[PDB]
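As structure tokens, one chain now follows by itself in the form deposited in one PDB entry.
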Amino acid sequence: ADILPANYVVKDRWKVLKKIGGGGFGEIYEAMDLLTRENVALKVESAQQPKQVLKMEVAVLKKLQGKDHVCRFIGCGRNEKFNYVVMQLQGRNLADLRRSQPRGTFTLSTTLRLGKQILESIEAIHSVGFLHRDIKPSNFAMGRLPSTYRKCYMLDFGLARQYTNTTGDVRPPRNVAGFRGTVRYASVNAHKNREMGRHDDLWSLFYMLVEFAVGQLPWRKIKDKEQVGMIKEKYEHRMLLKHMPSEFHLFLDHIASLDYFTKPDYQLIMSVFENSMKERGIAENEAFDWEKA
């Protein structure tokens, strides 16, 4: 049983059209906003379920408003049966969008531009004191509107966590953190059940961009968490670099050297992308791979 049936109308305003996944430890729905007459995204989680993440998820989404790469907050509410958030609906996610490409790879031209845009999302969420912790292609979507189809968007903040404190300083890490995110893109640290940091989000971005450029990561097959963990740790990452632009050596090297407590040099990563496009003569307003005829 889904949490909501089709044609359930939340708070007399949002009519459930269908499930689309896909959170979040909670289900996500395409819905019609009967007031504004637009389709919207509606994410609910059951109110009798141990981990109730959605309270802060609203708070992150709230603090982020005005930043690019975030969905516009539409509404939220709580009732004895479930909690819900309504926000702007978006186009196809990058995971689906990648598999649509003939050899499972995008070009570098797409990879780099998406890289730059996903990176901004990471920096933005960090900049308000939150780790994402679930950075993966299926958590990024292109726009569905004329004005937005070029823009890439961060979708779900279900696994987010505040890494700052009262004085906004970097809270002490925990004894063990349970790791409950997507196995394939998780950093070595997340595997070892350690407390995640800003750096760990960039690790995912790293692995993502390799899959985008190459079509596969080494450990793509293995479903078993711990095996992936072993394979990642013993693996010589400098080999993943082998098909990327050569300037990626700086990206790998910078994140390899970060830990929980040290702030990333986002600019440094940004420059890797921007130089890599400059040298490959790649413009900002070029067509993405999926608009290719």
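Heads up, when I say rigid core I mean the largest set of C-alphas that superpose within 1.5 Å between the two forms. In this text, residue numbers run from 1 along the sequence as written.
In this entry, 75-83 has the higher mean Cα B-factor, the comparison being between 197-205 and 75-83. Of the two segments examined, 117-125 and 184-192, it is 184-192 that shows the higher average Cα temperature factor in the deposited entry. Each of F261, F251, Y266, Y235 has a CA temperature factor in the record; the biggest one is found at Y235. Reading the B-factor column for the CA atoms of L35, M56, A31, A256 in the entry, the top value corresponds to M56. Per the deposited record, the Cα B-factor of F273 falls in the middle third when ranked against the other modelled residues of its chain.
Among the modelled residues of the chain, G158 sits in the middle third by CA temperature factor in this PDB entry. Per-chain ranking of the deposited C-alpha B factor places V170 in the lowest third. In the deposited entry, the Cα temperature factor of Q65 places it in the middle third of its chain's modelled residues.
Among the modelled residues of its chain, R99 has a C-alpha B-factor that falls in the highest third, as given in the PDB entry.
The same protein has a further form, the form deposited in another entry, not shown here; the description that follows concerns it.
Superposing the two forms on their core leaves just one of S246, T262, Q227, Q49 with a Cα displacement of at least 2 Å between the shown form and the other one, namely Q49.
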